[PDB]
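Trainee: Just dropping in an experimental structure and the matching sequence.
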Amino acid sequence: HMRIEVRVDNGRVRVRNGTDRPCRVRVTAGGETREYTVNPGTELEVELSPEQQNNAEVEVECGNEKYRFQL
Amino acid sequence: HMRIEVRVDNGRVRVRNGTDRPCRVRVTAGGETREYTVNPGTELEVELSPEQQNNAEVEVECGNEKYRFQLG
Ligand SMILES: [Mg+2]
């Protein structure tokens, strides 16, 4: 069972929820952090600046569990 | 609580197991697939080829749950 998928390819950040509850997504790039919400069975798409596509961090919080992906 | 942490930096892949059970890690880059077992509370460190540091996939299997992280 694929629960969480995170893909970063040329600026585009693709965080995907495969759980039964919504998850919070925090994207840290360029020294700033933004929070997003992706519902169950839904895929989130965020774009990165050209000067931050290779120095980003994606943090997904589902329930009380945290998953972090740093580039 | 941090369950899984994946870091890719200039070819160095780091996977930390924050769970209570061992997890299976599959690293695919440039058509080559390597698999590892990471014990709870431990961090796995792998090195990538210079031609595949910007194109890699890290797949973590913790029991029945699968987690995929993709660069590129
Ligand atoms: Mg194995």
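Mentor: Ah, there it is. Residues are numbered from 1 along each chain as shown, chains lettered A, B, ... in the order given.
Trainee: Smallest gap between chain A and chain B, at which residue?
Mentor: Residue of chain A nearest chain B, by CB to the nearest CB: residue A:7 (3.9 Å). C-beta here means a position set from N, CA and C on the backbone, and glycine is covered the same way.
Trainee: Buried residues of whatever helix or strand that residue lives in, list them for me.
Mentor: Residue A:7 belongs to strand A:2-9 when assigned by DSSP states H and E. In terms of neighbour count (16 or more other CB atoms under 10 Å in any protein chain shown), strand A:2-9 has its buried residues at A:3, A:4, A:5, A:6, A:7, A:8.
Trainee: Run a quick check on the third one versus residue B:58, I expect a contact.
Mentor: No. With the criterion set as CB atoms under 8 Å, residue A:5 and residue B:58 do not qualify as a contacting pair; they are 11.1 Å apart.
Trainee: what residues do those two have in common as contacts?
Mentor: B:68, B:69, B:70 (CB atoms under 8 Å, 6 or more residues apart in numbering or on different chains).
Trainee: Contacts for the helix or strand encompassing residue A:58 next, please.
Mentor: Residue A:58 belongs to strand A:56-62 when assigned by DSSP H and E. Strand A:56-62 is contacted from outside by A:3-4, A:6, A:8, A:13, A:15, A:17, A:19, A:21, A:23-29, A:48, A:66-71, using CB under 8 Å, 6+ apart.
Trainee: now the angle from that strand to strand B:2-9?
Mentor: 170 degrees (axes from the mean of the first three to the mean of the last three CA atoms, to 10 degrees).
Trainee: Render the CA-only coordinates of the helix or strand just after strand A:56-62 in CSV, please.
Mentor: Beyond strand A:56-62 on the C-terminal side, the first helix or strand identified by DSSP H and E is strand A:65-70. What follows is strand A:65-70 as a C-alpha-only set of coordinates in CSV (Å, rounded to 0.1, in the frame of the first residue of the first chain):
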residue,chain,number,x,y,z
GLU,A,65,3.5,11.0,12.1
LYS,A,66,6.1,13.2,10.2
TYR,A,67,7.9,12.4,7.0
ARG,A,68,10.7,14.7,5.7
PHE,A,69,12.3,14.8,2.3
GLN,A,70,15.4,17.1,2.0
